[PDB]
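S.K.: what follows is a protein structure lacking sequence information:
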């Protein structure tokens, strides 16, 4: 019986914040492509890890 | 005619500033997060005198 998982959090170090925000935070891609992963998961940036 | 003044510059703190040696911005992929925001991230990543 499969399990219902709804990922809504993305935790990354401060060194990956740029990539995390450009995956979730960018609305247009290329010369206009929407973004299927825009605001799908909210990101928090922390300095304790790494 | 003369001017007189008492002053001198200061260093605020060693770990609150940065200067890099490149700025190209060609297509905003050479330095967007390679050397312009790389320093931004470096400032984001620092540790005090307690680990």
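M.R.: Alright, I've got the coordinates. Numbers count the residues shown, from 1 in each chain, chains lettered A, B, ... in the order given.

S.K.: how about the residue nearest the centre of chain B, nearest residue that isn't a chain neighbour?
M.R.: Closest to where the C-alpha atoms of chain B average out (CA atoms, centre = their mean) is residue B:18, at 2.2 Å. In this structure, residue B:18 finds its nearest non-sequential neighbour in residue B:39, 4.7 Å apart by CB to CB, 6 or more residues apart in numbering or on different chains. The way it works is simple: take the backbone N, C-alpha and C, and place the C-beta from them, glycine included.

S.K.: report how many residues lie close to the one you found.
M.R.: Applying other CB atoms under 10 Å in any protein chain shown, we find 14 residues neighbouring residue B:39.

S.K.: what residues does chain A have near chain B?
M.R.: Listed as neighbours of chain B in chain A under the rule CB under 8 Å from any CB of the partner chain: A:13, A:14, A:15, A:17, A:18, A:19, A:45, A:47.

S.K.: so who does the fifth one touch?
M.R.: Contacts were defined as CB atoms under 8 Å, 6 or more residues apart in numbering or on different chains; by that measure residue A:18 touches B:33, B:37, B:41.

S.K.: now, which of those lie close to chain A?
M.R.: B:33, B:37, B:41.

S.K.: how far does stretch A:6-14 sit from the chain's center?
M.R.: Put simply, stretch A:6-14 sits 7 Å off its chain's centre (CA atoms, centre = their mean, to the nearest Å).

S.K.: same check, this time on stretch B:35-42
M.R.: Stretch B:35-42 has its C-alpha centroid displaced from the chain centroid by 10 Å (CA atoms, centre = their mean).

S.K.: so which bits of whichever strand or helix holds the residue nearest to residue B:18 are buried?
M.R.: In the assignment (DSSP states H and E), residue B:39 maps to helix B:37-44. Buried residues in helix B:37-44, counting neighbours by 16 or more other CB atoms under 10 Å in any protein chain shown, are found at B:38, B:41.

S.K.: now do stretch B:15-23
M.R.: In stretch B:15-23, counting by 16+ other CB under 10 Å, buried: nothing.

S.K.: contact partners of it?
M.R.: B:31, B:35, B:36, B:38, B:39, B:42, B:43, B:46.

S.K.: residue A:20: neighbour count?
M.R.: There are 17 residues near residue A:20, going by other CB under 10 Å.
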